[PDB]
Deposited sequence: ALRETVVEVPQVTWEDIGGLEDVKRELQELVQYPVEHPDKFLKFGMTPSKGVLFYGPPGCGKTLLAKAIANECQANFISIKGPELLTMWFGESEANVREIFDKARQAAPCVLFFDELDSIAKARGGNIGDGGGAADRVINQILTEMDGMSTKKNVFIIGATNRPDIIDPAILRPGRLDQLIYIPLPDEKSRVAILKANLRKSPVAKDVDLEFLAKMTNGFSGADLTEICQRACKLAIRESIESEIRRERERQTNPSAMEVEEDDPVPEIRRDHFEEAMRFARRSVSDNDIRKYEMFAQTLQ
């Protein structure tokens, strides 16, 4: 029953991504440089990498990064998510992976982006599991489709997962997703950037202090912070539409939005990433 493969031009750019300067640069070095300086790669000899795996807690910009990089390269973007993998897994129809790769090859230059890579693992038991090993029909197909996919087309693959412990190791061997990259929770400074980025296209009241909001937040992932802004907006809109029946999103809106701030990632989980992040890096 496989959904339809949608190529698209990534709407998002580096400006919408708070922080992660280091990876932005590193990403460019992995896709820009090989295409825009093929001369320098031929000069020094070394040939580029097929793909990258982002791992990290949820809501930290694994997707923004995959899209921004596509958009920066002015390239096409295909996004295969968890449920789509799982459909092929449940329906035994992993042959469609071929189709996905076709559509990316034909849409070259293209970043093909497998989000929620771990979702089959999870689906068969995850942490504990069933009988066999990390291999599964669908991811396995991805890996062939990746072995057979000539380095010299213009398709860049990016995987993302927030449960790298359960990912099949074969994904990481040379010639596949070689570059492990950890996208961590946002720090002190980064949370500021993330707020600014999230409010770039918004009428932020002058007084509202984000540098402070950033001090107020921790196990707060980008997603968590975006959630705050949105509640603040929804408050300003409801506060606007109220008065008529005057629009700048202001202090007391953020204040009252803060009354419902959650943290998606708990400390245990965070700890767990550092463990993953230690061996994995």
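- According to the record, no C-alpha positions are given for deposited positions 246 to 265 alone, numbered from 1.
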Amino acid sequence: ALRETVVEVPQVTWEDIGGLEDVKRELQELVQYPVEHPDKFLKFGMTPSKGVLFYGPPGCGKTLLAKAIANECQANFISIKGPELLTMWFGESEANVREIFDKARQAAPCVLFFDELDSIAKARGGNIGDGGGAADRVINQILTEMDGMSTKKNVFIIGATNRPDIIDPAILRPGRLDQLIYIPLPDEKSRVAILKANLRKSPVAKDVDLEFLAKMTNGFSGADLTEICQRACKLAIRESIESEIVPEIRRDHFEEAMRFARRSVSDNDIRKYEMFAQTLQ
From here on, numbers count along this sequence of modelled residues.
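- Of the two stretches examined, 113 to 121 and 149 to 157, the record assigns the greater average C-alpha temperature factor to 149 to 157.
- The mean Cα B-factor in the deposited entry runs higher for 204 to 212 than for the other of 204 to 212 and 79 to 87.
- Note on 230, 221, 63, 47: the highest value goes to 47, judged by CA B factor as recorded.
- Placement of the Cα temperature factor of residue 33 within the chain: highest third of the modelled residues, per the deposited record.
- When the CA B factors of the chain's modelled residues are split into thirds, the value for residue 166 lands in the lowest one.
- When the CA B factors of the chain's modelled residues are split into thirds, the value for residue 138 lands in the lowest one.
- For residue 69, the recorded CA temperature factor ranks within the lowest third of the chain's modelled residues.
- Per-chain ranking of the deposited C-alpha B factor places residue 94 in the lowest third.
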